[PDB]
Amino acid sequence: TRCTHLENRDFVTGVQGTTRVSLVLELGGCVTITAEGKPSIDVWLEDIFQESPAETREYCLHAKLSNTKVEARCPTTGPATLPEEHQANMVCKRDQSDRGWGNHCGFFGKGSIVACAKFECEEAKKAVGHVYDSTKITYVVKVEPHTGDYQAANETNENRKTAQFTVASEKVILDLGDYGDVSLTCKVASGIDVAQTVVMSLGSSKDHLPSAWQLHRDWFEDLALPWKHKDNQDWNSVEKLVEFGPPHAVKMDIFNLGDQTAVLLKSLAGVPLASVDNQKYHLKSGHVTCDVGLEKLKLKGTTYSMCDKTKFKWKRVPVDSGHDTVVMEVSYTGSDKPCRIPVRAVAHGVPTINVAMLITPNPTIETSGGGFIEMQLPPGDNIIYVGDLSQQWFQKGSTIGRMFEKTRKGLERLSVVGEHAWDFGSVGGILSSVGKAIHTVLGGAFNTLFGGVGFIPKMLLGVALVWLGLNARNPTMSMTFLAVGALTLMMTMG
Amino acid sequence: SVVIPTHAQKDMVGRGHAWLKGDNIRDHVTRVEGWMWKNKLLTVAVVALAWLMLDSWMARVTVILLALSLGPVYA
Amino acid sequence: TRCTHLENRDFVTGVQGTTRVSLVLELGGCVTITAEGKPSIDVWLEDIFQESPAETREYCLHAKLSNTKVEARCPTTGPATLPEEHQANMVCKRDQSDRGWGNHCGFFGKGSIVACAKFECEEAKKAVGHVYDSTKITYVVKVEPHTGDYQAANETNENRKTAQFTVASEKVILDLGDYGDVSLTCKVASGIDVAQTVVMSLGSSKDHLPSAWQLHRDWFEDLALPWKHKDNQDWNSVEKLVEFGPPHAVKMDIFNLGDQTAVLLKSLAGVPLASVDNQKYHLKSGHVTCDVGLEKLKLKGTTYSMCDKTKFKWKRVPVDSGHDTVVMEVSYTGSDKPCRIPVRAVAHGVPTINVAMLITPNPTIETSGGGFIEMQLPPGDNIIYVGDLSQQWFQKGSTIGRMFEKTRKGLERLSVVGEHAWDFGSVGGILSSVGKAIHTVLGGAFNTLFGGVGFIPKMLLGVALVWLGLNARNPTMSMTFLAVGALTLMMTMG
Amino acid sequence: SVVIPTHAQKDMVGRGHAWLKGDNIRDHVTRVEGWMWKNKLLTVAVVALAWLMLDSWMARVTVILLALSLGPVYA
Amino acid sequence: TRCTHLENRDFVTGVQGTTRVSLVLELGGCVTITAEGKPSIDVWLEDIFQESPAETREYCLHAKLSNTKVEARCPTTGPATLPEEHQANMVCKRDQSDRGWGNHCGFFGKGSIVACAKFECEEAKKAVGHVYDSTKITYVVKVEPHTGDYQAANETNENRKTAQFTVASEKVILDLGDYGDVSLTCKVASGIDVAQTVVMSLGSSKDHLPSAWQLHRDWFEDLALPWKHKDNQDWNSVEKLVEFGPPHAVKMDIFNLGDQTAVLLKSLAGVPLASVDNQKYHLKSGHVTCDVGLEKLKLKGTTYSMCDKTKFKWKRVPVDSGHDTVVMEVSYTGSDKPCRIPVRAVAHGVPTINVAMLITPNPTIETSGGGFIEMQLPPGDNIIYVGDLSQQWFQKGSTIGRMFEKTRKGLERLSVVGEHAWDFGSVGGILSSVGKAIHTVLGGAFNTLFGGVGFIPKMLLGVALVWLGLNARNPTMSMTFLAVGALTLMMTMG
Amino acid sequence: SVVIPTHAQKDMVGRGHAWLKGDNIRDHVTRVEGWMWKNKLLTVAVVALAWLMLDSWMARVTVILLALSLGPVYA
């Protein structure tokens, strides 16, 4: 019901006797867990949020200068000084001016001039940063079974369960009802890195702008802008936004460089977005490794008789889904209402073999509704039977395309999530562990070399390494350079 | 003026919405195209210079691309 | 006198028989003319201005979006339409989104979505440009004879005259009083190019910014910002300041890129400034070529008797000016006020030889003024006599230093002016004509090639050219490319 | 996504005040220095590779300078 | 007689036909001028001073800290700030301390701590600098004819006349009374370098230190001490006298480096001293080049009659002075007190040829006194006849020794004064010009290379160059190195 | 630690009295001798080391002087 809404969807199969499933949940994706002899469930991560986090720094994006004072002195006379050079929130500059008899100085030469102004920041032009606390960052994980009834995204499901995960949670039991219980027993250390995550926001929100941005600590702590802290009163580095023109006799024009919001936005391309509603600071790009326990799950509808075959009718006719599946919903015209649906399919001309891999394992029609059936069929011209209700079906695609798409999904998960991609659907093995170690080492090398380098320079460096290896006289150096260049090119695309 | 380094760290990305994904490359392409369109005799002269003074295809291509890339940016 | 108020100054010396002097009056410099038998005069360019010029396109630097609307259709239902498209000041975008039964669409697939929003410009966020007219632009030239009186820049001089040169003026004859007439003939066509000049101004009052800038028409007209005319109300290219985010089912976000004034200021580095006053649009950088006629000038106080030797006191003892000259003032209390000052100078140990190059024609004490003296001395120890007054003077420098300074000033004039610098102090010689022609051709070629190229790329191109010259086997190409590279390097540094 | 090329035309310059003379050069220098400080390991690797593989000092210096000046801006 | 009061004396013999003499008068020196038929005079430079000279930047040698204040914040609670960080006359420091639970924080890590303290300067501890003015610095030259009466150094001489020289003085004529008139013309520019000289005061009288020092502007302006100007109120670089200890949790210790008068005094070894009385700032080392005129001198007492023989008596018998001269003093006891002393000397064995070269030309007795005589006899056995008196004199030495001493004095004058020594007693010529130009070139090069290098490193470099010349067998390089090394070795000794 | 460079200029010394004339040389000699009297074994080691390792007499002497002059002022 839920996974059909989101395009990014993964299927997990749990063979009979399986005790636990390991997942890497991620925002913007759904996971359907199909198990032998147990109901299928949808598990997804709804949001990551903290309430009332601490702030870090307040960069000023637009300044207003109030009062300007200029002091000049004659060449032979000493340097020019102001009381304002040693006051809080003042921006000053020292330079030299050409003096003479025209400027009423006794000698011709270069004088001393100092110009000062009062720095003040516009209230709505200010970039505020917030940081997350490991003990308080909360992960909300939702689980809904396959109840056999369809509800749109704007209709609430009474069988949906929510679990909020802080570091104080070991194992969460969700009473799915007649479908048993499901455990989650998963970790918060595998999520985002709070020590290197900053959620920047702008005070002005009605300017048609995102609420917040998901930044990195190093970039946010190295901006060439004035800064302070909320409880503090005196600004730091006030001369960034102010430029002083060349002196003219006894004058020095002070110029304001305008608003730097546009430059900041132009330099933020590619960063993930975030949200703020009231005091909750959400983020919309993240993941968390979570295990699912299928021990206590229970199949509803095994003691029931079988729905009559000659009493079905279409409510929605089957259609292609967004995930290579068939979705439908039937209606039943009988009084023996709580019963089981006889679904089956056959390729045209092979009527003795069923080819339907039901995702709703045991469909039921109940007094309160039911009838939503989702299946996956092999390519070709099939026939979908629900009792006496036939529906000729032609499934698109091919086996080779399916294998290629599965490989592409694996590669994309590897590119997005990273080393945790080896923890997805892992039942415990040696290949996964060695792959994870190799990927960790490779990622460490790649991040320590080209971590803060752009896409084009990385591609050019890879090509330069490839050329050096190709022209390399010594075979060993040639092989080393070709391998490193190919590795850099492969990692660069991700 | 004010120099704000581009956010080159992509360690936080996910499946959520991103702020102007890939407009740095479009900005670079627009800058190079504009500079080429305003400077045509210069680019033709560079092309003819590399063509008749170099013997290796890679050398010609590298010289041309580096000139075109370093011209507009360091103006 | 007036030339002494500026650090930049030029001396034009005329031998007997010279009656016309060709000058390149730069706005920001002063010229002192020192002939024989005639008074010295100061000629400089005051300002270049026009009242009420014509308009050009006006851009928007910060927009204001409102009345956002979205319309979406299901995957097969057809394309989406909005009346707000095909309307003025409305920025729109068309895209496709993922639909399905979760969004109440009958089919899974990509559906058409369209978003629009109204466009407005903030009241004081504009970059308006203006264009001068060759027939209406005005040049102001002022003349001040050397009457022996000194006045600071704050005090007005009653001996000063002004002349305005439009194309209808051409030739203006001034009456300097008892010093005769001075003829000026400035050709306006030799000034700036009005066609290629735009005086851009931001409408944002205060904000601690320059009044206006002096731009080039191509750069201003090739900008990627919305534009329109003053009289018009509808903007063009309204989508330059706006961005659309990725669709989310049945809604897409419209973003405001912010105020681009800071980027514009960042891209205007090195551009000359200007002014607007109330309605007169001035320029602070420029030049004009004038011819000065020295035939009708008279010398005041030639038949005056000589002042008494023992009645001279130092009002201002000699001091070193910024132009390797000496400036002093005296007082006289010996009655018979209209008389001639007996000023001179001799090097120590050589009392039989005078080494004074008076800049004032013949210092004279009148009934109600006189006393100021300006003069130039050779390096070494000197003695300055004004009657019986004595004052030891040590002038620093050397003959070679002065020659180097003169050639340095000539090179600066070439770098700042161009081919008109060959008309400075000209006497119509063939050398000047050939130099002017060669400079015209070389500068034309250099600007055709490297017109819009920056300093660093020009230097790299010159280095590459010299490398090609050195490495090239053929002697014919080696000399050509090495000489061209040397020319490029010398012209780029200047 | 608004790119405004710098005013490289200098026919109109004279002896008056100019707007932030030499600011772009300082911006470029600061950008290069900031990039180098954050990628010291990569810079050392580039220098060492140029020393190892290139046998001419002039080519070595040209390659190093090209890499350093072409990295940060295209990030 | 004044030349007899010090060990540094020079003799100038103006042969017949000499009207003017060029001298280099130094502080601590005396010049005796002798002519064929004119009185001898003593010309010396007495003082160099200026009244109320300008005041340059001061320096603080000993500070006075107080109002110590410290602020600390927890590791993840933001930086610590004080209002005193942005105030005047405060020394502040930022560092990180180690926090925990015994520091009553919440997390273990690196905190932020800041310490500030008010900076004051002790009343008596400053280094005040002064700069001379070329138009107000005075050179005091005194002249004293050989009257014939001896006054000790602590007795006023009525016949001594003074001339104070400034830039306004051209040719000062001094009235010596019955001995005629003497003209003087001194070049101030040949004296001290005002622009590159500083007079530094320090301490109080009770500290038992020199009144002032004669420093170099470059050294004075580059000191690493707090500084300001008298009219200022806030010190500059107050962190140079304060050291901050390592942090300890919530504490930082601020220490006073102490009094820097001892370091400054130890750094000033070798510089000359000065003097300061009331508001005058004298100098004790210096010189100035003057030109003396002898044409108006007269010889007194030529019309008197000779004294009696048998009426004389020794008052001070001849004693060998410190400058190869013989000084006597007699007492005539006759009524005709105004008369002429018949002085005469003959070498033993030739009683018919006089040998005395009287420096006191025409000794005369007078009512007030008279009787002092100074001779310069040839080496050997002599006899001094004064009337009927006799006194055997053996003048130690020889002509070769005297020529060697003259050469030694010339070399010492080169060492001390320098290039100006070639103008001493010079009528012009070519040797005094070629040698002066060569010395100017050598001094310029030597100052440009080893201006601020010490005696030991200069000797080391000279030895290194000599050895390089000896080893390297190339003719040109060997000769260059040997010559330059020899020049360095000779020039570095003074 | 306030370090005040010594006044090494000799452009103003004449015939008048001076402040602590020829005291830097005396201090240098005293410092060197004092260091050499507290490091007898190290000084002997350096002397014998230059004795044995070198045959050029001037090399021996210059090495000894350089070592004994670089010891105290930098330790």
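Going by the order they are written in, the chains are A, B, C, D, E and F; count residues from 1 in each one.
Criterion: contacts are C-beta pairs under 8 Å (C-beta built on N, C-alpha and C of every residue); 3 or more make two chains touch, one makes a residue touch a chain.
Novice: Applying the document's contact definition, name the chain pair with more C-beta pairs in contact, A-B or B-C.
Specialist: Greater number of contacting C-beta pairs: A-B.
Novice: So which chain is the furthest away from subunit A, centre to centre on CA atoms?
Specialist: E
Novice: Comparing residue numbers, which of A-B, B-C or A-D shares more than half of the contact pairs of E-F?
Specialist: Equivalent chain pair to E-F in A-B, B-C or A-D: A-B.
Novice: Kindly work out which chain lies most centrally, taking the average of its C-alpha atoms as its position.
Specialist: When every chain is reduced to its C-alpha mean, the one closest to the whole-protein mean is D.
Novice: On a C-alpha centroid basis, what's the spacing between subunit B and subunit E, in Å?
Specialist: About 69 Å separates the centre of subunit B from that of subunit E.
Novice: Measuring centre to centre with CA averages, how many angstrom lie between subunit A and subunit C?
Specialist: Those two chain centres are 54 Å apart.
Novice: Nearest whole angstrom, what separates the Cα centre of subunit D from the Cα centre of subunit F?
Specialist: 47
Novice: Find the geometric centre of each of subunit C and subunit F from their Cα atoms only, then give the gap between the two centres in Å, rounded to an integer.
Specialist: 61
Novice: Can you name every pair of chains that touch?
Specialist: Pairs of chains that touch one another: A-B, A-C, A-D, A-E, B-C, B-D, C-D, C-E, E-F.
Novice: Touching subunit A in the complex: which residues of subunit C?
Specialist: Counting only subunit C, the residues touching subunit A are 4-5, 7, 65, 98, 100-104, 106-109, 150, 152-153, 207-210, 254-263, 265-266, 316, 319-322, 327.
Novice: Give the list of subunit E residues in touch with subunit C in this complex.
Specialist: 135, 167-170, 187-190
Novice: Okay, in this complex, where on subunit D does subunit A touch?
Specialist: These residues of subunit D touch subunit A: 1-2, 17, 20, 38-39, 41-42, 45, 49, 53, 70-71, 74-75.
Novice: For subunit B, which residues are in contact with subunit D within the complex?
Specialist: 1, 3, 5-6, 8, 20, 23-24, 26-28, 30-31, 34-35, 66, 69-70, 72-75
Novice: Name, in rising order, each residue of subunit F that touches subunit E in their complex.
Specialist: 1-25, 28, 58
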